[PDB]
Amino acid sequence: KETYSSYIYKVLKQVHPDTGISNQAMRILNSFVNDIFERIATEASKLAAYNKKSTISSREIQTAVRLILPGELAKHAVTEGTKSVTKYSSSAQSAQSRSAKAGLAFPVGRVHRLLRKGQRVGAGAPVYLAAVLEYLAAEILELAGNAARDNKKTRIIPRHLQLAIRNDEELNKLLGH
C-alpha cells in the first residue's frame, strides 16, 4: 500500500503538462500501480524459485511482465524496461540517483526495497520494474487525459479513468472488473 502519487504526478506533467488530476482519481491510479507491482513481483519471485535461481534478476522481471501484461502493453513495457536497464548500466560512473541513472521518475530504490521484503534482488531488477510501472502509469495517464480533453475538462476525474480503462481492450483486460 505504498504511495506513488508524487511520481505519478511527475509523469502526468510530462504526458499532459496542462492537465490536472483529482484526489480520488490519483488514489485510483495509485491503487492500479500497487496492484500491478504485486502481480509482477510475485510472479517474478515464483519464476526465480521454480528455476532454482538465488537472485531475482531483470530476466525474471521481464518474463513476469509478459506473463502478467497483455500483448501490446507487454512489448512496450519490455521496451521501456530494457532501455532503462541499458541506460542504468552505462551510467555506473554517474554521481546521480538510481532513478536519474535509469532516466526514470519512479523511485528505483523503493522498488528494490519492496522487492526484497516480500530472496536476493539484482540491481537491474528494480530498474526494470520501476520502468514498467512508470510506463503503465504514463499509458493510463495519456489515455485518461485524452478523455478529459475530449470531454472539455482540464482535470482527470475518476470517470475519465473508467473511460480510458474500458475503451482500451488491453487495459480493460488488465484492470477492468
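Position 1 is the first residue in the sequence shown; the rest follow in order.
Engineer: Taking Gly118 and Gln119 as adjacent modelled residues, how many residues of the deposited sequence between them have no coordinates (none, 1 to 3, 4 to 9, 10 or more)?
Structural biologist: The entry has 1 to 3 unmodelled residues between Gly118 and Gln119.
Engineer: Which has higher Cα B-factors on average according to the PDB entry: 125-133 or 44-52?
Structural biologist: Mean C-alpha B-factor is greater for 44-52.
Engineer: Do the C-alpha atoms of 137-145 or of 53-61 have the higher average B factor in the entry?
Structural biologist: Looking at the recorded C-alpha B-factors, 53-61 comes out higher on average.
Engineer: Among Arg66, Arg39, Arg27, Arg113, where is the Cα temperature factor highest, going by the PDB entry?
Structural biologist: Max CA B-factor in the entry, restricted to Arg66, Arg39, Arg27, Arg113: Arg113.
Engineer: Among the chain's modelled residues, which third holds the C-alpha B-factor of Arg98?
Structural biologist: It belongs to the lowest third of the chain when residues are ordered by C-alpha B-factor.
Engineer: Ranked by Cα temperature factor within the chain, is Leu104 in the lowest third, the middle third or the highest third?
Structural biologist: Middle third.
Engineer: Sorting by Cα B-factor within the chain, modelled residues only, which third would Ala92 end up in: lowest, middle or highest?
Structural biologist: Highest third - that is where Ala92 ends up once the chain's C-alpha B-factors are sorted.
Engineer: Mind checking which third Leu12 falls in for C-alpha B-factor across the chain?
Structural biologist: For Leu12, whose C-alpha B-factor we compare with every modelled residue in the chain, the answer is the lowest third.
Engineer: Rank-wise, by C-alpha B-factor, drop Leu161 into the lowest, middle or highest third of its chain.
Structural biologist: According to the entry, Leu161 has a C-alpha B-factor in the chain's middle third.
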